[PDB]
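Below: the structure, in structure tokens.
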Amino acid sequence: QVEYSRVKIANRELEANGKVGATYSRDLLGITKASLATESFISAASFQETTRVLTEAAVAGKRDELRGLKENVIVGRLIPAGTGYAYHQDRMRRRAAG
Amino acid sequence: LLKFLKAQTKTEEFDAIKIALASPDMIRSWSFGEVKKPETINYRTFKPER
Amino acid sequence: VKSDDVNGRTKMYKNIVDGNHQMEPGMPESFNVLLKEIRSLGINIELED
Amino acid sequence: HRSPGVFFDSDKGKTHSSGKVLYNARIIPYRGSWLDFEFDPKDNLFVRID
Amino acid sequence: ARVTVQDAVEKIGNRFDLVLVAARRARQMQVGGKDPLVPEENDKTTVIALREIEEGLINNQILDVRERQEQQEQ
Amino acid sequence: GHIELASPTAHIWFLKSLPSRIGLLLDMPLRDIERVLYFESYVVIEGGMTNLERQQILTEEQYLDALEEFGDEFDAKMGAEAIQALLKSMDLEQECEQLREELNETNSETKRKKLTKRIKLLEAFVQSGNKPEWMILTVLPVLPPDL
Amino acid sequence: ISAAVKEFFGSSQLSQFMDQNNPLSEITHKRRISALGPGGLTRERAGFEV
Amino acid sequence: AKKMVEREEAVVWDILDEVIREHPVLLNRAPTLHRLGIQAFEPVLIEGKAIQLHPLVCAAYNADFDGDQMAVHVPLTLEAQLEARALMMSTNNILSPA
DNA sequence: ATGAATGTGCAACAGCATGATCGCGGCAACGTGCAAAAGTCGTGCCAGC
RNA sequence: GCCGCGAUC
DNA sequence: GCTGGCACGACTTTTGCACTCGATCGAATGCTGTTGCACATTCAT
Ligand SMILES: [Mg+2]
């Protein structure tokens with residue numbers, strides 16, 4: 001993901017060893033394909049083929065982390081948008097602060 | 001030995017659902033027993049089987 | 001609280017009858033059913049703390 | 001319903017995208033097994049029995 | 001009653017934090033231990049809180065300081 | 001609750017899917033792994049002294065021929081227990097560096113894709129803490145009765 | 001024979017409850033042409049040509 | 001209270017009118033295409049048997065009165081009532097978000 | 001001039017194709033004989049009127 | 001717990 | 001003296017028990033994406 005690459009590039013460039021930063025090549029995907037490739041498995045398993053997504057999520061042993069809106073709707077918590085966005089902002093600081 | 005609450009305390013804090021393969025020992029951990037008969041209920045007493 | 005919270009429904013009904021209008025939400029039974037269904041396969045799903 | 005008999009079709013001429021129109025025949029009976037004749041892009045007689 | 005919340009919205013302009021502030025104020029006025037700061041005209045607590053916000057007499061900062069003062073008194 | 005199958009059977013989640021997990025883990029095609037699963041053909045393991053390969057696909061007739069000629073040192077099974085036996089024997093960590101060396105030493109646009117996929121799966125397995133023998137299950141859980 | 005005949009008459013794709021609002025509904029239901037049924041085609045199956 | 005609500009005395013009607021006074025209720029149509037397809041109104045009780053919809057919001061709902069039906073969902077929480085008043089009221093969303 | 005590796009092209013298999021309502025019907029998979037125990041039935045008992 | 005059939009927008 | 005609910009010695013029921021043998025079908029939706037296999041081509045000796 002470009003967002004994951006951007007923070008790694010910024011962190012590597014922040015330190016003295018700026019040459020460690022790796023150049024990338026941006027890619028374009030269709031909606032049916034880009035949606036299924038999201039880093040969270042709870043989403044993209046409630047839209048298209050679930051047999052494929054679960055196994056590729058089962059063997060990898062990944063986590064969902066409930067970052068988007070689809071994941072929070074399924075669980076039943078407050079979505080991180082609008083009135084529920086403020087509540088998810090307060091919770092983030094507490095988790096980071098320990 | 002009274003005043004015990006299990007329905008309300010069933011709601012526990014959580015985050016970051018995790019998915020992984022299930023081990024046979026882990027599967028046995030979930031299970032609380034065995035199933036060895038293919039019948040569902042005995043009509044002689046309208047009760048669940050053994 | 002309207003669909004799948006077994007305790008949430010009763011709690012919020014009591015709150016309305018009292019006149020509290022308090023949310024007091026919980027965990028839907030549908031997701032627990034889905035978790036049990038997936039666990040019934042060879043895939044293990046659990047909720048991390 | 002479709003009347004039993006002999007039906008010829010051209011499959012609209014767009015299967016292999018090469019512009020080759022492919023003619024096929026069908027033997028639809030009232031009861032029993034089917035029988036078809038099919039034209040390849042390479043002009044080969046293929047029979048799709050049942 | 002308030003047919004539109006635009007006057008209340010422009011006081012604390014987010015259209016999202018206003019809902020939270022009004023919910024907190026309505027909870028305070030409904031569960032007990034609070035009295036409206038604006039004359040009440042047979043309407044429910046929600047619009048009373050919204051009218052308090054629109055008049056500029058209820059805000060998040062002053063809600064926090066009122067809670068702090070109540071805690072200090074006790 | 002659970003039920004013991006008294007014999008290891010294969011999961012269709014990992015066997016029958018277009019990116020078959022056991023298919024690309026074992027470097028054998030889906031047709032072969034489906035054939036051995038239904039006892040149509042045998043698969044031998046170990047057999048260093050004999051001329052049989054590690055992942056041979058010898059049939060029944062080849063099985064009696066090997067028994068007549070090789071006799072011992074031929075370890076062949078027809079069920080999914082053979083899959084368990086060969087999966088336990090696999091050293092994931094040792095294979096990781098071997099395929100990495102093969103990929104970097106020889107460059108070709110055809111084998112590179114399959115090699116990268118296998119390396120990614122192996123790295124994911126070793127990092128996730130899972131084990132490959134758990135794909136085929138010996139104890140099958142059951143749904144709660146109320147559901 | 002009775003089982004098959006009653007199965008056809010009672011539970012079939014082309015033996016439905018008759019409409020009874022006005023004589024017109026009965027008249028237009030009795031002389032109805034249906035392309036579906038056992039030997040017919042599925043609703044999803046029908047293209048624009050049919 | 002149950003028995004007298006079933007018996008529907010006049011005081012029950014008066015108390016229902018007292019409860020309804022400023023509790024916004026949100027109506028929606030079946031194919032909710034865009035975000036304007038579910039709007040929150042302020043109910044006025046009528047001696048009738050059908051929902052009376054304001055003619056202006058018909059364009060937003062894409063509803064015409066030839067047998068169309070709409071669902072009536074009740075927001076029953078203080079946060080929900082504020083959300084249905086400050087975010088979903090018909091007078092609030094006049095400009096289409098497209 | 002010929003063999004092998006590679007890239008390209010073709011064929012078979014898998015997933016997927018709107019939302020919300022209302023009304024009528026029809027509708028699946030044993031046995032066995034003895035111990036061992038338990039329950040039961042015909043019978044005799046004391047306690048209340 | 002559905003399957004067919006019909007109907008409304 | 002008359003009458004009505006309690007126990008005992010046979011009868012009678014149940015259960016573990018785990019142990020065996022035992023045709024007729026509908027075939028007809030495109031649309032796309034993916035994986036495997038066969039063949040044409042080109043390079044090396
Ligand atoms: Mg209409």
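As shown in the structure tokens, the chain order sets the letters A, B, ...; within each chain, residues go from 1, and ligands are also counted from 1 in the order they appear.
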Per residue of region 15-46 of chain I within 12 Å of region 23-45 of chain H, what are the shortest atom pair and its distance in Å to one decimal, counting only C-alpha atoms (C1' of nucleotides), with rows by chain and residue number, as JSON lines?
{"residue": "I:18", "atom": "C1'", "partner": "H:31", "partner_atom": "CA", "distance": 8.1}
{"residue": "I:19", "atom": "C1'", "partner": "H:31", "partner_atom": "CA", "distance": 4.6}
{"residue": "I:20", "atom": "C1'", "partner": "H:30", "partner_atom": "CA", "distance": 4.4}
{"residue": "I:21", "atom": "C1'", "partner": "H:30", "partner_atom": "CA", "distance": 8.3}
Could you pull out all residues of region 35-124 of chain F with a DSSP call of helix (DSSP H, G or I) and give them as a PyMOL selection string?
-> chain F and resi 35-37+60-69+80-89+92-105+111-124
Which chain G residues are at most 8 Å from chain J (counting only C-alpha atoms (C1' of nucleotides)), as a list in words?
-> residues 12, 13, 14, 16 and 17 of chain G
Saved selection, atoms kept: N, CA and C atoms, as a JSON list (two decimals), in the first residue's frame:
[["chain", "number", "residue", "atom", "x", "y", "z"],
["G", 12, "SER", "N", -46.96, -27.97, -9.02],
["G", 12, "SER", "CA", -46.27, -27.88, -10.30],
["G", 12, "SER", "C", -46.00, -26.41, -10.61],
["G", 13, "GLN", "N", -45.06, -26.19, -11.52],
["G", 13, "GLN", "CA", -44.71, -24.83, -11.90],
["G", 13, "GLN", "C", -45.84, -24.15, -12.67],
["G", 14, "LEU", "N", -46.66, -24.92, -13.38],
["G", 14, "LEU", "CA", -47.73, -24.38, -14.20],
["G", 14, "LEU", "C", -49.10, -24.89, -13.77],
["G", 16, "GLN", "N", -51.28, -23.01, -10.86],
["G", 16, "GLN", "CA", -51.27, -22.00, -9.82],
["G", 16, "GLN", "C", -52.68, -21.69, -9.35],
["G", 17, "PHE", "N", -52.75, -20.97, -8.24],
["G", 17, "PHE", "CA", -54.02, -20.44, -7.77],
["G", 17, "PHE", "C", -54.63, -19.53, -8.82]]
Would you list the contacts of region 61-72 of chain A as number ranges by chain, taking every protein, DNA or RNA residue within 8 Å and counting only C-alpha atoms (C1' of nucleotides), but skipping same-chain residues closer than 2 positions in sequence?
-> A: 39-43, 57-59, 74-81; B: 15-21; F: 128, 130
Contact residues around residue 39 (chain G) with only C-alpha atoms (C1' of nucleotides) at 10 Å, ignoring same-chain residues under 3 positions, as a short mmCIF file (atom, residue, chain, number, x, y, z; two decimals) with N, CA and C atoms (P, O5', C5', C4', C3', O3' and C1' of nucleotides), in the first residue's frame:
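In the end it all went to out.cif:
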data_model
loop_
_atom_site.label_atom_id
_atom_site.label_comp_id
_atom_site.auth_asym_id
_atom_site.auth_seq_id
_atom_site.Cartn_x
_atom_site.Cartn_y
_atom_site.Cartn_z
N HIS D 1 -43.45 -24.08 -25.41
CA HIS D 1 -42.10 -24.63 -25.34
C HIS D 1 -41.57 -24.90 -26.74
N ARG D 2 -40.26 -25.12 -26.82
CA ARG D 2 -39.59 -25.37 -28.09
C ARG D 2 -40.13 -26.65 -28.72
N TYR D 30 -38.76 -35.04 -28.22
CA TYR D 30 -39.79 -34.89 -27.19
C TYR D 30 -39.35 -35.55 -25.89
N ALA G 35 -44.08 -19.47 -20.88
CA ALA G 35 -42.86 -20.04 -21.44
C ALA G 35 -42.03 -20.77 -20.40
N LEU G 36 -42.38 -20.67 -19.12
CA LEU G 36 -41.66 -21.35 -18.05
C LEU G 36 -42.20 -22.76 -17.90
N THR G 42 -35.56 -20.97 -17.68
CA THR G 42 -35.48 -20.21 -16.44
C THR G 42 -35.62 -18.72 -16.72
P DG K 26 -35.21 -33.17 -14.68
"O5'" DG K 26 -35.52 -31.63 -14.98
"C5'" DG K 26 -35.22 -31.10 -16.26
"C4'" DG K 26 -33.82 -30.53 -16.30
"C3'" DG K 26 -33.52 -29.65 -17.51
"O3'" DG K 26 -32.70 -28.56 -17.11
"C1'" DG K 26 -31.96 -31.38 -17.43
#
Any idea what the distance is between CA of residue 94 (chain H) and CA of residue 59 (chain H)?
->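 Result for CA of residue 94 (chain H) versus CA of residue 59 (chain H): 11.3 Å, one decimal.
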Neighbourhood of ligand 1 at 10 Å, counting only C-alpha atoms (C1' of nucleotides) and all ligand atoms, reported as number ranges by chain = H: 62-69; J: 8-9
In Å, rounded to a single decimal, give me how far CA of residue 29 (chain B) is from CA of residue 40 (chain C).
->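 Taking CA of residue 40 (chain C) as the start and CA of residue 29 (chain B) as the end point, the length is 12.8 Å.
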Excluding residue 26 (chain E) and residues on its chain fewer than 5 positions from it, collect all residues at most 6 Å away from it, counting only C-alpha atoms (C1' of nucleotides), and give them as an mmCIF file with C-alpha atoms, in the first residue's frame.
data_model
loop_
_atom_site.group_PDB
_atom_site.id
_atom_site.type_symbol
_atom_site.label_atom_id
_atom_site.label_comp_id
_atom_site.auth_asym_id
_atom_site.auth_seq_id
_atom_site.Cartn_x
_atom_site.Cartn_y
_atom_site.Cartn_z
ATOM 1 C CA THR E 45 -35.119 18.554 26.345
ATOM 2 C CA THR E 46 -33.456 18.159 22.930
ATOM 3 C CA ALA E 49 -30.392 22.144 24.693
#
Write out as an mmCIF file with C-alpha atoms, in the first residue's frame each polymer residue whose atoms come within 12 Å of residue 12 (chain E), counting only C-alpha atoms (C1' of nucleotides); drop sequence neighbours fewer than 3 positions from it.
data_model
loop_
_atom_site.group_PDB
_atom_site.id
_atom_site.type_symbol
_atom_site.label_atom_id
_atom_site.label_comp_id
_atom_site.auth_asym_id
_atom_site.auth_seq_id
_atom_site.Cartn_x
_atom_site.Cartn_y
_atom_site.Cartn_z
ATOM 1 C CA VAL E 5 -30.315 24.201 13.741
ATOM 2 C CA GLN E 6 -28.289 26.596 11.571
ATOM 3 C CA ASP E 7 -28.249 29.274 14.277
ATOM 4 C CA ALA E 8 -27.041 26.692 16.791
ATOM 5 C CA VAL E 9 -24.574 25.278 14.253
ATOM 6 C CA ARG E 15 -22.433 20.061 12.573
ATOM 7 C CA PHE E 16 -20.962 17.011 14.339
ATOM 8 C CA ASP E 17 -19.741 18.272 17.715
ATOM 9 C CA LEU E 18 -23.031 20.140 18.118
ATOM 10 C CA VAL E 19 -24.822 16.785 18.256
ATOM 11 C CA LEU E 20 -22.507 15.571 21.026
ATOM 12 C CA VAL E 21 -22.827 18.793 23.039
ATOM 13 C CA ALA E 22 -26.621 18.792 22.737
ATOM 14 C CA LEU E 50 -30.300 23.251 21.057
ATOM 15 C CA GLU E 52 -29.306 27.035 24.801
ATOM 16 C CA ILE E 53 -26.519 26.379 22.290
ATOM 17 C CA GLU E 54 -28.023 28.806 19.762
ATOM 18 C CA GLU E 55 -28.308 31.557 22.382
ATOM 19 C CA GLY E 56 -24.594 31.071 23.083
ATOM 20 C CA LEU E 57 -25.132 30.045 26.710
ATOM 21 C CA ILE E 58 -24.034 26.383 26.430
ATOM 22 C CA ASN E 59 -20.708 25.275 24.929
ATOM 23 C CA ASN E 60 -18.183 22.480 25.416
ATOM 24 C CA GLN E 61 -15.639 24.567 27.339
#
Separation of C1' of residue 37 (chain K) from CA of residue 23 (chain D), in Å and rounded to one decimal |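 For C1' of residue 37 (chain K) relative to CA of residue 23 (chain D), the distance reads 27.3 Å.
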Residue hits in chain I, query chain F, radius 10 Å, only C-alpha atoms (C1' of nucleotides), as number ranges by chain = I: 6-7, 13-14
Filtering to N, CA and C atoms (P, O5', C5', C4', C3', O3' and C1' of nucleotides), could you give me those residues as a tab-separated table (two decimals), in the first residue's frame?
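This is the output file part-v6.tsv:
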chain	number	residue	atom	x	y	z
I	6	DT	P	13.91	-20.94	-20.11
I	6	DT	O5'	13.10	-19.77	-20.83
I	6	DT	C5'	13.70	-19.07	-21.91
I	6	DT	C4'	12.65	-18.57	-22.88
I	6	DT	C3'	11.38	-18.03	-22.22
I	6	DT	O3'	11.15	-16.70	-22.63
I	6	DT	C1'	10.86	-19.50	-24.01
I	7	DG	P	10.44	-15.65	-21.65
I	7	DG	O5'	9.31	-15.00	-22.57
I	7	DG	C5'	9.60	-14.69	-23.92
I	7	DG	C4'	8.42	-15.03	-24.82
I	7	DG	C3'	7.08	-14.44	-24.36
I	7	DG	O3'	6.61	-13.52	-25.33
I	7	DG	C1'	6.88	-16.74	-25.01
I	13	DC	P	-13.91	-28.21	-17.22
I	13	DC	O5'	-13.76	-27.24	-15.96
I	13	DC	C5'	-12.57	-27.28	-15.17
I	13	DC	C4'	-12.49	-26.07	-14.26
I	13	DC	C3'	-13.79	-25.71	-13.54
I	13	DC	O3'	-13.52	-25.41	-12.18
I	13	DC	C1'	-12.97	-23.83	-14.69
I	14	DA	P	-14.70	-25.44	-11.09
I	14	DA	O5'	-14.73	-23.94	-10.52
I	14	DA	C5'	-13.59	-23.42	-9.84
I	14	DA	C4'	-13.76	-21.93	-9.57
I	14	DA	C3'	-15.13	-21.52	-9.04
I	14	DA	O3'	-14.98	-20.54	-8.03
I	14	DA	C1'	-14.67	-20.36	-11.04
Please report as a count of residues only which residues of chain D come no farther than 12 Å from chain K, using only C-alpha atoms (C1' of nucleotides).
-> 13
For chain H against chain C, with a cut-off of 9 Å and counting only C-alpha atoms, what is the closest atom pair and its distance in Å to one decimal for every residue that makes the cut, ordered by chain and number, as a Markdown table?
| residue | atom | partner | partner_atom | distance |
| --- | --- | --- | --- | --- |
| H:76 | CA | C:21 | CA | 7.1 |
| H:77 | CA | C:21 | CA | 5.1 |
| H:78 | CA | C:21 | CA | 6.0 |
| H:79 | CA | C:23 | CA | 8.4 |
Near-region 36-38 of chain I list (12 Å; only C-alpha atoms (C1' of nucleotides); drop same-chain fewer than 5 positions) as a list in words | residues 12, 13, 14, 15, 16 and 17 of chain K
Output of the above residues as a compact mmCIF listing (two decimals), in the first residue's frame, restricted to C-alpha atoms (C1' of nucleotides):
# COMPACT_ATOMS: atom_id res chain seq x y z
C1' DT K 12 -42.27 -57.90 34.21
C1' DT K 13 -39.97 -54.05 31.63
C1' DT K 14 -35.86 -51.51 30.16
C1' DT K 15 -31.35 -50.75 28.99
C1' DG K 16 -26.25 -51.42 28.29
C1' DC K 17 -24.22 -53.25 24.80
Between F:5, F:35, F:13, F:121, which is the closest to residue 50 (chain A) once you count only C-alpha atoms?
->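 Among the listed residues, F:13 lies closest to residue 50 (chain A).
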Chain K contacts on chain G, only C-alpha atoms (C1' of nucleotides), 8 Å, as a PyMOL selection string = chain G and resi 41+44-47
List every residue of chain B that DSSP, applied to the backbone of this structure, places in strand (DSSP E), and write the result as a JSON list (two decimals) with N, CA and C atoms, in the first residue's frame.
[["chain", "number", "residue", "atom", "x", "y", "z"],
["B", 18, "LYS", "N", -8.62, -11.41, 15.11],
["B", 18, "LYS", "CA", -7.51, -12.18, 14.56],
["B", 18, "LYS", "C", -8.02, -13.50, 14.02],
["B", 19, "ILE", "N", -7.53, -13.89, 12.84],
["B", 19, "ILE", "CA", -7.93, -15.12, 12.17],
["B", 19, "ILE", "C", -6.69, -15.96, 11.91],
["B", 20, "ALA", "N", -6.80, -17.26, 12.15],
["B", 20, "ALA", "CA", -5.69, -18.18, 11.93],
["B", 20, "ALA", "C", -6.24, -19.59, 11.81],
["B", 21, "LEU", "N", -5.37, -20.51, 11.40],
["B", 21, "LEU", "CA", -5.76, -21.91, 11.30],
["B", 21, "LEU", "C", -6.00, -22.51, 12.69],
["B", 41, "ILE", "N", -32.85, -37.13, 18.08],
["B", 41, "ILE", "CA", -33.70, -37.26, 19.25],
["B", 41, "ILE", "C", -34.41, -38.60, 19.19],
["B", 42, "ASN", "N", -34.67, -39.17, 20.37],
["B", 42, "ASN", "CA", -35.41, -40.42, 20.49],
["B", 42, "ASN", "C", -36.88, -40.11, 20.74],
["B", 47, "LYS", "N", -36.92, -36.60, 23.93],
["B", 47, "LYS", "CA", -35.79, -36.00, 24.63],
["B", 47, "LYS", "C", -34.53, -36.15, 23.80],
["B", 48, "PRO", "N", -33.55, -35.27, 24.00],
["B", 48, "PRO", "CA", -32.29, -35.40, 23.27],
["B", 48, "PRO", "C", -31.56, -36.69, 23.62]]
Could you write out as a list in words the residues of chain H within 7 Å of chain E, counting only C-alpha atoms?
-> residues 22, 78, 79, 82, 83, 86, 91 and 92 of chain H
Store the residues picked out above, limited to N, CA, C and O atoms, as a PDB file, in the first residue's frame.
ATOM      1  N   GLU H  22     -42.210  16.592  19.781  1.00  0.00           N
ATOM      2  CA  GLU H  22     -40.992  16.964  19.072  1.00  0.00           C
ATOM      3  C   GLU H  22     -40.021  15.798  19.019  1.00  0.00           C
ATOM      4  O   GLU H  22     -38.819  15.955  19.253  1.00  0.00           O
ATOM      5  N   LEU H  78     -31.369   9.828  22.733  1.00  0.00           N
ATOM      6  CA  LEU H  78     -31.067  11.258  22.709  1.00  0.00           C
ATOM      7  C   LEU H  78     -30.048  11.595  21.631  1.00  0.00           C
ATOM      8  O   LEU H  78     -30.213  12.579  20.902  1.00  0.00           O
ATOM      9  N   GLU H  79     -28.984  10.801  21.513  1.00  0.00           N
ATOM     10  CA  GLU H  79     -28.045  11.011  20.418  1.00  0.00           C
ATOM     11  C   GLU H  79     -28.719  10.784  19.071  1.00  0.00           C
ATOM     12  O   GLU H  79     -28.499  11.546  18.122  1.00  0.00           O
ATOM     13  N   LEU H  82     -30.994  13.778  18.180  1.00  0.00           N
ATOM     14  CA  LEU H  82     -30.211  14.919  17.721  1.00  0.00           C
ATOM     15  C   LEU H  82     -29.667  14.685  16.320  1.00  0.00           C
ATOM     16  O   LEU H  82     -29.661  15.599  15.489  1.00  0.00           O
ATOM     17  N   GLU H  83     -29.199  13.468  16.042  1.00  0.00           N
ATOM     18  CA  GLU H  83     -28.716  13.158  14.701  1.00  0.00           C
ATOM     19  C   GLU H  83     -29.828  13.295  13.672  1.00  0.00           C
ATOM     20  O   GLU H  83     -29.609  13.821  12.575  1.00  0.00           O
ATOM     21  N   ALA H  86     -30.368  17.370  13.553  1.00  0.00           N
ATOM     22  CA  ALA H  86     -29.307  18.244  13.070  1.00  0.00           C
ATOM     23  C   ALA H  86     -28.600  17.724  11.826  1.00  0.00           C
ATOM     24  O   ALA H  86     -27.729  18.422  11.299  1.00  0.00           O
ATOM     25  N   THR H  91     -35.485  20.216   6.239  1.00  0.00           N
ATOM     26  CA  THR H  91     -35.038  21.591   6.064  1.00  0.00           C
ATOM     27  C   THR H  91     -33.523  21.716   6.090  1.00  0.00           C
ATOM     28  O   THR H  91     -32.997  22.766   5.710  1.00  0.00           O
ATOM     29  N   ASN H  92     -32.810  20.680   6.531  1.00  0.00           N
ATOM     30  CA  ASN H  92     -31.356  20.774   6.620  1.00  0.00           C
ATOM     31  C   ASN H  92     -30.694  20.508   5.275  1.00  0.00           C
ATOM     32  O   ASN H  92     -29.835  21.282   4.838  1.00  0.00           O
TER      33      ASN H  92
END
